[PDB]
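For reference, the structure discussed in these notes is given below.
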Amino acid sequence: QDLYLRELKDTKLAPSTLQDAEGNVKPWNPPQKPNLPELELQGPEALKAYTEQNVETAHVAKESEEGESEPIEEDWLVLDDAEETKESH
Amino acid sequence: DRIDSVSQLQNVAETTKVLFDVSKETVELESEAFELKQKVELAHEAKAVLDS
C-alpha cells in the first residue's frame, strides 16, 4: 500500500538516519552518539559502584581470631577460673 | 551421699574432652565459610555490576 510503503520509507530511511546511519538527527540538536554511547555508558556504573562495581574492590578474606597460642598465661588463669566456677556445681 | 556426689562424674569423663575437641575443631573449621562468604560477596558485587 502506498500509505504503507511511503510510511515504511519515511520511517526507515529516517530510522536509518537515527540509528542505521551515524548521521544523528538534524531535527534534534544533540546527537545521542555523543550523549549515550560513552558517558551514559557510565550511567550503568553511575547507578552501580563507580570504578568499583565492575572493578569488584579487592577484599581478601582475613583470619579468624584465636588466643595467640598463649598457654603460659591464659591456661593457668583459665584453670583457676573454671575451678572457681566448679565451687557452686 | 558422697558416693552420689561421685556418681555424676562416672559417665562424664567419657566425653568431657570429646566435647572439648568437637566444640573446638569444628568451630576452627569456620575460616572456610569466611573465605567462601568473601568470594560469594565478590560474585554478588560483580554480578550486580553486570546487572547494572
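The listed protein sequences derive, respectively, from chains 6 and Z.
Position 77 (the first sequence) corresponds to 80 in PDB author numbering; numbering is contiguous.
Position 9 (the second sequence) corresponds to 113 in PDB author numbering; numbering is contiguous.
Where is the CB? At the ideal position from N, CA and C, for every residue including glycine.
Cβ of residue i within 7 angstroms of Cβ of residue j?
i              : j              : result
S91 (chain 6)  : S135 (chain Z) : no
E59 (chain 6)  : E149 (chain Z) : yes
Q56 (chain 6)  : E48 (chain 6)  : yes
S156 (chain Z) : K51 (chain 6)  : yes
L39 (chain 6)  : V28 (chain 6)  : no
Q142 (chain Z) : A85 (chain 6)  : no
In the structure shown, what three-state DSSP assignment does residue i receive?
i              : result
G46 (chain 6)  : helix
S19 (chain 6)  : helix
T130 (chain Z) : helix
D105 (chain Z) : coil
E73 (chain 6)  : coil
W79 (chain 6)  : helix
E86 (chain 6)  : helix
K143 (chain Z) : helix
Check whether chain 6 comes within 7 angstroms of residue i, counting only Cβ atoms and requiring the distance to be less than that.
i                    : result
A150 (chain Z)       : yes
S127 (chain Z)       : no
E136 (chain Z)       : no
residue 48 (chain Z) : Chain Z is shown from 105 up to 156; residue 48 (chain Z) falls before or after that span and cannot be answered.
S156 (chain Z)       : yes
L146 (chain Z)       : yes
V153 (chain Z)       : yes
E118 (chain Z)       : no
Counting only beta-carbon atoms, is residue i nearer than 7 angstroms to chain Z?
i             : result
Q45 (chain 6) : no
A64 (chain 6) : yes
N32 (chain 6) : no
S72 (chain 6) : no
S67 (chain 6) : yes
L42 (chain 6) : no
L50 (chain 6) : yes
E86 (chain 6) : no
Taking a cut of 8 angstroms between CB atoms, which residues from the stretch 4-29 of chain 6 lie near chain Z?
none
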